[PDB]
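Working notes, structure below.
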Amino acid sequence: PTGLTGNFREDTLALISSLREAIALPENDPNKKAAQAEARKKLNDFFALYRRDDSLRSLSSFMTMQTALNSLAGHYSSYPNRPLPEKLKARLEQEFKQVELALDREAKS
Ligand SMILES: [Cl-]
């Protein structure tokens, strides 16, 4: 139902890939709105599962992903009928890259 595995690294990497795909679609793609609606659902599902785990809450990967996912959610809530500005898309992408770096640093610690 969620598609979440319960493995924080696998799920975060999969969510990053899903979000990258949704954001990369052209504004005029027929499926853009649907992909958006699914991004919202998936980020909500991800927080619903993982925010209850205070181990994960202490980690940089988690903190940065929360910053990202909040910025995405906030755009929709404030500007539901406008596209993500290029400047936000660029920031989200930097954040994703940072999450991935943090996941690898955490795994080798
Ligand atoms: Cl709007």
Side-chain angles (χ1 to χ4, degrees):
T2 54
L4 296 170
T5 66
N7 177 314
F8 178 71
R9 174 201 176 83
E10 174 179 8
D11 293 342
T12 297
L13 296 171
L15 182 54
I16 284 166
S17 186
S18 283
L19 292 175
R20 279 169 163 168
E21 287 162 351
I23 293 171
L25 286 176
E27 298 172 357
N28 75 331
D29 191 282
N31 290 322
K32 180 73 172 183
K33 281 287 219 198
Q36 280 172 335
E38 296 175 331
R40 285 193 286 287
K41 172 176 166 40
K42 286 169 164 164
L43 78 85
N44 287 312
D45 285 346
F46 180 89
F47 279 151
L49 174 50
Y50 290 116
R51 206 131 63 165
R52 77 185 59 210
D53 180 344
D54 284 9
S55 185
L56 293 179
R57 285 195 34 273
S58 76
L59 303 172
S60 295
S61 53
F62 179 97
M63 296 172 181
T64 303
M65 190 69 175
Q66 175 174 250
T67 298
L69 293 180
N70 275 333
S71 288
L72 190 65
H75 182 88
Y76 163 77
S77 76
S78 292
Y79 297 112
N81 294 306
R82 299 180 48 203
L84 301 176
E86 294 309 308
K87 282 182 179 170
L88 185 50
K89 292 187 207 158
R91 186 181 291 156
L92 289 164
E93 182 60 26
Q94 294 175 346
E95 288 168 333
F96 295 157
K97 277 185 265 198
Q98 295 165 20
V99 167
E100 295 180 313
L101 289 176
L103 288 165
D104 280 1
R105 285 186 225 196
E106 293 159 8
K108 69 175 150 105
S109 296

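We count residues from 1, following the sequence as given. Hydrogens, waters and symmetry mates are skipped; everything else that's a heavy atom, side chains included, is used.
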Can you tell me how far [atom2] of [Y] sits from [atom1] of [X], rounded to the nearest 0.5 angstrom?
| X | Y | atom1 | atom2 | result |
| --- | --- | --- | --- | --- |
| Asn70 | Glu95 | CG | CD | 10.0 Å |
| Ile16 | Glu93 | CD1 | CD | 8.5 Å |
| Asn44 | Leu69 | CG | CG | 9.0 Å |
| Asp11 | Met65 | CG | CE | 10.0 Å |
| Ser55 | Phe8 | OG | CZ | 10.0 Å |

**Prompt:** Who pairs with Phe62 by ring pair (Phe, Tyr, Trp, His ring centres under 6.0 Å), at least two apart in sequence or on another chain?
**Reply:**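 For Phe62 there are no ring pair (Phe, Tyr, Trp, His ring centres under 6.0 Å) partners, ignoring immediate neighbours.
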
**Asked** Can you name the ring pair (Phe, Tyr, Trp, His ring centres under 6.0 Å) partners of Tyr76, sequence neighbours left out?
**Response**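 Expected list: none.
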
Do [X] side-chain atoms and [Y] backbone N/O form a donor-acceptor pair below 3.5 Å?
| X | Y | value |
| --- | --- | --- |
| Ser17 | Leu13 | no |
| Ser71 | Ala68 | no |
| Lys32 | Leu25 | yes |

**Message:** Can a side-chain donor-acceptor contact be found between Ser61 and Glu106 if the only test is distance below 3.5 angstrom?
**Reply:**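 The criterion, which ignores hydrogens and geometry beyond distance, is satisfied for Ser61 and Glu106.
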
**Test item: side-chain donor near acceptor, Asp45 and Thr2, under 3.5 Å** =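 Side chains of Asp45 and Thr2: no pair found under 3.5 Å.
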
**Nearest non-hydrogen partners of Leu84 and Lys89, listed with the distance** =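 Smallest interatomic distance, heavy atoms only, reads O-CE, 3.1 Å.
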
**Minimum heavy-atom distance between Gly6 and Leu49, given as atom pair plus value** =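 Scanning both residues, the minimum pair turns out to be CA-CD2, 4.1 Å.
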
Side chain proximity check, [X] to [Y], heavy atoms < 4.5 angstrom:
| X | Y | result |
| --- | --- | --- |
| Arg51 | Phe46 | no |
| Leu15 | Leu4 | no |
| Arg20 | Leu92 | no |
| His75 | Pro85 | yes |
| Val99 | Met63 | no |

**Prompt:** Does a salt bridge link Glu38 with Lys41, judged by any charged N lying under 4.0 Å from a carboxylate O?
**Reply:**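 Result for this pair is no, no salt bridge flagged.
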
**Asked** Checking side chain to side chain contact (heavy atoms under 4.5 Å, CB included) for the pair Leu72/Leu88: CA distance, chi angles, key distance, verdict?
**Response** CA-CA 8 Å; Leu72 190 65; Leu88 185 50; over 6 Å; no

**Pairs involving residues 54-63, ordered by first then second residue, that meet salt bridge (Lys or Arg N to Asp or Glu O under 4.0 Å) (sequence neighbours left out)** =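 Of all non-adjacent pairs touching residues 54-63, those that pass salt bridge (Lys or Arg N to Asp or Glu O under 4.0 Å) are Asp54-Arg57.
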
**Message:** Is there a salt bridge (charged side-chain N to carboxylate O under 4.0 Å, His left out) between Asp104 and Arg9? Walk through the geometry before answering.
**Reply:** CA-CA 9 Å; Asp104 280 1; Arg9 174 201 176 83; 2.9 Å; yes

**All salt bridge (charged side-chain N to carboxylate O under 4.0 Å, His left out) counterparts of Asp53, not counting sequence neighbours** =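 Not a single residue meets the salt bridge (charged side-chain N to carboxylate O under 4.0 Å, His left out) criterion with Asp53.
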
**Message:** Under the rule for salt bridge (charged side-chain N to carboxylate O under 4.0 Å, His left out), what residues qualify as partners of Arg91, not counting sequence neighbours?
**Reply:**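 Scan of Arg91 (salt bridge (charged side-chain N to carboxylate O under 4.0 Å, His left out), adjacent residues dropped) gives none.
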
**Message:** Set out, in order, the CA-CA distance, both residues' side-chain angles and the distance that settles side chain to side chain contact (heavy atoms under 4.5 Å, CB included) for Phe47 and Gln66, then state yes or no.
**Reply:** CA-CA 8 Å; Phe47 279 151; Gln66 175 174 250; 3.9 Å; yes

**Item:** Test side-chain hydrogen bond (donor to acceptor under 3.5 Å, both in side chains) applied to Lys33 - qualifying residues, sequence neighbours left out
**Value:**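 Here the qualifying residues are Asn81.
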
